[PDB]
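J.: Quick one: experimental structure and sequence below.
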Amino acid sequence: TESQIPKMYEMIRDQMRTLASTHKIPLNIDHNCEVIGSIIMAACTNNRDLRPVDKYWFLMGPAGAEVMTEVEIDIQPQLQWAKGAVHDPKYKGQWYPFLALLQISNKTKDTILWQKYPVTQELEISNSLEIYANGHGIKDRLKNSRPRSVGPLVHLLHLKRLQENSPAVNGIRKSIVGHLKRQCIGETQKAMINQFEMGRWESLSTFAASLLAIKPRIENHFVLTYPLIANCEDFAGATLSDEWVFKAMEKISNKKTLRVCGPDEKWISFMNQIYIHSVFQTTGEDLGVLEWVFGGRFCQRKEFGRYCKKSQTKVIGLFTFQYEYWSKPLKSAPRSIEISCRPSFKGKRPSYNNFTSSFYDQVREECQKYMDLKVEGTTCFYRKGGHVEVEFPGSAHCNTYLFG
Amino acid sequence: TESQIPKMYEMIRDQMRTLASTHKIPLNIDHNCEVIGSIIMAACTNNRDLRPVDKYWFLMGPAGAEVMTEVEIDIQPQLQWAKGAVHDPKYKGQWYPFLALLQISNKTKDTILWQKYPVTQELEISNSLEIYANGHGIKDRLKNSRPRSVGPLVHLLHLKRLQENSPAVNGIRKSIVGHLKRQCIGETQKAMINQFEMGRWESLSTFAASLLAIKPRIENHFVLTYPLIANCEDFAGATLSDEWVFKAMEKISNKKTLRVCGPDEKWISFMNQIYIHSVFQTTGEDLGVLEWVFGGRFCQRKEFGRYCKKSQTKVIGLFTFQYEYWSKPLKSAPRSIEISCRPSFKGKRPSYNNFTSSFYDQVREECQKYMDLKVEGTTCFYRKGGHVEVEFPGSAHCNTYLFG
Amino acid sequence: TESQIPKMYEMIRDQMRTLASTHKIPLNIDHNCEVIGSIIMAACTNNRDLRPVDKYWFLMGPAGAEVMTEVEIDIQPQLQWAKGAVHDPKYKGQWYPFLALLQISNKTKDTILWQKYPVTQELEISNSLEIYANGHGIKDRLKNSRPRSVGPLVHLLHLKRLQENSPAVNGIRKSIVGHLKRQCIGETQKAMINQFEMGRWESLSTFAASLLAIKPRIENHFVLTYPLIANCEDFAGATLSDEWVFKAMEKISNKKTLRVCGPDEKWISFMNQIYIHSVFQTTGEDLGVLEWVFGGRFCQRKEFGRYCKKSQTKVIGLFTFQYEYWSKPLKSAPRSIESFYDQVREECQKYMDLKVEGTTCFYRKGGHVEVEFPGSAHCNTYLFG
């Protein structure tokens, strides 16, 4: 799974700079990279969407003199390589799994700045539940490539979409439903998810309420964004379950070459944290988690007004990052819930006593199990510079979230 | 935004006095300033609407001997300057935004004395909602320059006008509609303003009913009038979001040089409060707020008969003003209605859960929330002499307005 | 209009061969090009009608050994360009006007083979009125792109549809009614068309009787079809109002590389004339006029029985063509005069009496020399007359 990771990143950057440097698009601006990077990886999954030649918003200007304008770019040199990688045996069939992760992480910046809840509204549930609606807008082939990374609600929406869209329909649903059960480890949640399969959504609000209590398993992977890929020059030990991503992306922050865009210079802290939010797929977590792990407070969306249009975003400063701790990605669910004598013969032996003396309720019973839980996570954390176990002691910004 | 404000006020007054003093038009009469200033606004935006030479009604006479007559004046010296300022880079493109603010405020006096409802009547809604129909009669270029200041109903009228007026049709509407949604913060209102976009004016009365309940966001800016601009000699700290405007025009009231015109001397109190209403855009503001903020009762329109014609307005007394409090301009709506964990990260956290377990109705559901809201404003009111936060405590004239 | 046409045929021709050559679909069979071109033209405006991958009837076989079978094709590479050409500034917004010209001209063959009268039957008028009912079945975006090319009867049908089906209704009907008035230059017809505006179709049979006399203005544009566009290697002087089109597609005939399909080989003359009937918009036009212009006899539809099924159309011969004259496309009405029923009949007699047809004149092959049509022998017979 991680064997092909080191070789994938280098060629992504090679084409990533090829399109930008051909038309003199500087790669030290986030907006240039994010638009270019979105174009670069578009040919990988949705080949027929992007035009061979088109004009997009980039920052044109040397040494800080950049300004919005539409620059025509020739994507055709980058189109041929992407399609040949689809079935290239060098990936061992891991091209589809690898491509599903890239789309989710990079679209996060658009979701952070433009706070939208498409899945929950289409699911008619509480708007504070995009937490499990991750992986929306991704290609269905990608959604069948890494369905585990795609949030259950998107699959539940796709389960809802499939019910509201023929033997080929079942094949899509079984992947949708089966990976709904894999993500949601709740014993009561699994039963009521199967009831969602037939087409009812009466306890979808209860599922909305249950998701508040029980946390479904969400697989995570550390993938850099477009600006960092173009600004990362080391990919030798590029894996997905160690400190390499934390160390390498810090080196990009240490270089201080990449710049970020925003409506005004107040967003410099906010946009710097978006990189940390998007790289580790750890966007809507507690600020105290981010404060302890990354040694810095994280600005919430409420602290700033509406994000200005991408056609009017201005470079607001350099990209910076720092961290003090890290851990292996969340493989299983974080909230994990994992004396009488009965002599079976006529024979006599001393008897020792080790003791001195509705479905919604069952769903709430399982929900009650996750309120009493005090330790989340799977195994442990690791400090910067190694893999020494360091448990979280506590922080003052706990229970506070980016969108909470 | 406020960078060009200090330099604009001084240079407008120079042309304000140049036209009046050339033909011996005293600037201590409000009508002389208003009619001269009404000529001044014409040269700025609609350059082709005002004659180069024409006779207008002023008050000619030395030392209180002013009598009503038509005086021909030469506007050509002011015309060449104004057209050159249209695209002068010295304003950083803020000339149109600055001109739109000036045009709306100076027409308030005519609307107050001649009580008309051109937008609500054309929108077939309750006439008592012209507060949200601000910015009528303004140039479409200005209405695309500061559409936020132009009230939604005028845009809603312009939305109605455009539906009752070709790919250029959409371009005018998108600005009209987009600033309708920006002004009206109602979640249900936004979904039903888009109904008005396609001409579904059945909820137009509902929108009028909603406007009575939900108060749309109306951006405000403290801009003086022609009688005060010609009588103001200080613009060093001329900004838009502090107490400078309150202190600057108090000095004009302290000078007691400006005289006001009206049908008879009973209007001296009414016309003095018109300056308060026009400058601070407090025509629709609560009189209990106004009496508390400005330390004086505000006379209503019902207390007086029909306003005499501008051809027969006579000097009725000296302009006076006083105030004890103020506030930052109302940026957002005066009435504002603004629970679990997202496991995006593998954190072993102390798990805390904060829970222990018709469309018109939705519009009315949102309507009830703003009924529930008793406090009005964004943050607070401030006292004279600084920005010390002083919340409005209440008054005998609460829930009362000028036209109420 | 004609400014982009020299380069604007090139992008149309580009996708004609890529889709067929990818799956080894030979382009020397008309039916292969007819369906493929229809698929390509489908993506131009009706983007959601065709499928990204689908099977259609073609002729598979190398060097004359084509046995018919349904062939899967990957239309996805050809889908992107068609939608992107709609608002591409290189076309200056002429994509819809030309696609309206393109869509109308490319649906002619099916109507000829299966003789149907859809517009007149829904209009409850004479079935012989199948010349002025141009532009039926085209997308409404194209119908609003070249409403002049769309015949009045189709607009009259849309006018009848609009009365037998909101501020958007007026905008559609005003184009429908206005281009009814524009196409039908009959002064009595216009008010008599104005009678049809709110539904006074009592003169609809009168309008059917009028169209016998008064010939409504039918704008024409010399646009090639699917087999000829793929077989046309020159577009430098490609315009819409000169002899370039006449000269360009003659060279294709001289090549003798394109083959036509039909129920049997008796249609080889018929199929050859269909190409003549479709390029210059002469489907329901008198055959003798074409005989003088093109120097060859034309076969009526009565000379042949019902067309065989598309699943059984076989190659019957090579495409041949010849011509001796041409004309600028008929921009205005061919007939020009430059009780209310009696007034229409009074105007009807104004156009029965008219004998000369056209705008200025015809022109001889090799230039724009003014040559007037003197007559022919196989006149009095249309393709369906």
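T.: Sure thing, it's come through. Numbering: from 1, shown residues only, chains lettered A, B, ... in the order given.
J.: Could I get the buried residue list for whichever strand or helix holds residue A:177?
T.: Here residue A:177 is covered by helix A:168-183, with elements defined by DSSP states H and E. Neighbour-count burial for helix A:168-183 flags A:172-173, A:175-177, A:179-183 (criterion: 16 or more other Cβ atoms under 10 Å in any protein chain shown). Heads up, the C-betas are built off the backbone N, CA and C, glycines and all.
J.: All the strands of the stretch 1-150 of chain A, in order from the start?
T.: With DSSP state E, counting those that start in this stretch, the ranges of strands along the stretch 1-150 of chain A come out as A:53-60, A:67-74.
J.: I'd like the next helix or strand past the helix holding residue A:177.
T.: Following helix A:168-183 in sequence, per DSSP H and E, is helix A:187-198.
J.: Just the C-alphas of that next one, formatted as CSV.
T.: These are the backbone C-alpha positions of helix A:187-198, laid out as CSV (Å, rounded to 0.1, in the frame of the first residue of the first chain):
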residue,chain,number,x,y,z
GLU,A,187,-23.5,-2.1,16.9
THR,A,188,-26.8,-0.1,16.9
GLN,A,189,-25.6,2.2,14.1
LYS,A,190,-24.8,-0.8,11.8
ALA,A,191,-28.4,-2.2,12.3
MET,A,192,-30.0,1.2,11.6
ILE,A,193,-27.7,1.8,8.6
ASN,A,194,-29.0,-1.4,7.1
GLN,A,195,-32.5,0.0,7.6
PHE,A,196,-31.3,3.1,5.7
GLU,A,197,-30.5,0.8,2.8
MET,A,198,-34.1,0.0,2.0
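J.: Please find the angle between the direction vectors of whichever helix or strand comes after that helix and helix A:187-198.
T.: Helices and strands here follow DSSP H and E; after helix A:187-198, the next one along the chain is helix A:204-213. Relative orientation of helix A:204-213 versus helix A:187-198 (axes from the mean of the first three to the mean of the last three Cα atoms, to 10 degrees): 150 degrees.
J.: now what about helix A:204-213, what contacts it?
T.: For helix A:204-213, the surrounding residues in contact (Cβ atoms under 8 Å, 6 or more residues apart in numbering or on different chains) are A:120, A:123-126, A:129, A:131-132, A:153, A:156, A:186, A:188-189, A:192-193, A:196, A:360, A:363-364, A:366-368, A:370-371, B:339-340, B:353, B:355, B:357.
J.: Just tell me which of the strands of the stretch 1-150 of chain A ends up closest to residue B:347.
T.: Relative to residue B:347, the nearest member of the strands of the stretch 1-150 of chain A by Cβ to Cβ is strand A:53-60, separated by 35.9 Å.
J.: hang on, residue A:325 packs against residue A:390?
T.: Yes - assessed by Cβ atoms under 8 Å, residue A:325 is found in contact with residue A:390 at 5.9 Å.
J.: Give the residues shared as contacts by these two.
T.: With Cβ under 8 Å, 6+ apart, residue A:325 and residue A:390 have common neighbours A:381-383.
J.: Quick check: the residue of chain A nearest chain C.
T.: When distances are taken as Cβ to the nearest Cβ, chain A reaches nearest to chain C at residue A:48, 4.9 Å away.
J.: Could you check how far the nearest residue to that residue once chain neighbours are set aside is from chain B?
T.: Closest residue to residue A:48 apart from its sequence neighbours, by Cβ to Cβ, 6 or more residues apart in numbering or on different chains: residue C:76 at 4.9 Å. From residue C:76 over to chain B the distance is 30 Å, taken as Cβ to the nearest Cβ, to the nearest Å.
J.: Just the ones in helices from the contacts of helix A:204-213, please.
T.: A:120, A:153, A:156, A:188-189, A:192-193, A:196, A:360, A:363-364, A:366-368, A:370-371 (DSSP state H).
J.: quick one: which of the residues you listed has the most company?
T.: In terms of neighbours by other Cβ atoms under 10 Å in any protein chain shown, the ones in helices among the contacts of helix A:204-213 top out with residue A:153 at 31 neighbours.
J.: That residue touches residue A:119, doesn't it?
T.: Yes - counting by Cβ under 8 Å, residue A:153 touches residue A:119, with 4.9 Å between them.
J.: residues shared between the contacts of the two?
T.: Contact criterion Cβ under 8 Å, 6+ apart; residues shared by residue A:153 and residue A:119: A:130, A:133.
J.: tell me the secondary structure for residue A:316?
T.: Of the three states, residue A:316 takes strand according to DSSP: H, G, I helix; E, B strand; the rest coil.
J.: mind listing what it touches?
T.: A:259-262, A:264-265, A:267-268, A:271.
J.: And the furthest pair within those?
T.: Counting by Cβ to Cβ, the most remote pair of the contacts of residue A:316 is A:259 and A:264, 14.6 Å apart.
J.: the more surrounded of those two?
T.: Per other Cβ under 10 Å, whichever of residue A:259 and residue A:264 has more neighbours is residue A:259, with 23 against 11.
J.: so what's the more buried one up against?
T.: Applying Cβ under 8 Å, 6+ apart, we find residue A:259 in contact with A:28-30, A:315-319.
J.: Show me what it is bridged to.
T.: Taking DSSP bridges as the rule, residue A:259 bridges to residue A:29, residue A:318.
J.: what's the burial count for residue A:140?
T.: By the measure other Cβ under 10 Å, the count of residues near residue A:140 is 12.
J.: Equivalent analysis for residue A:6, please.
T.: When neighbours are defined as other Cβ under 10 Å, residue A:6 has 14 of them.
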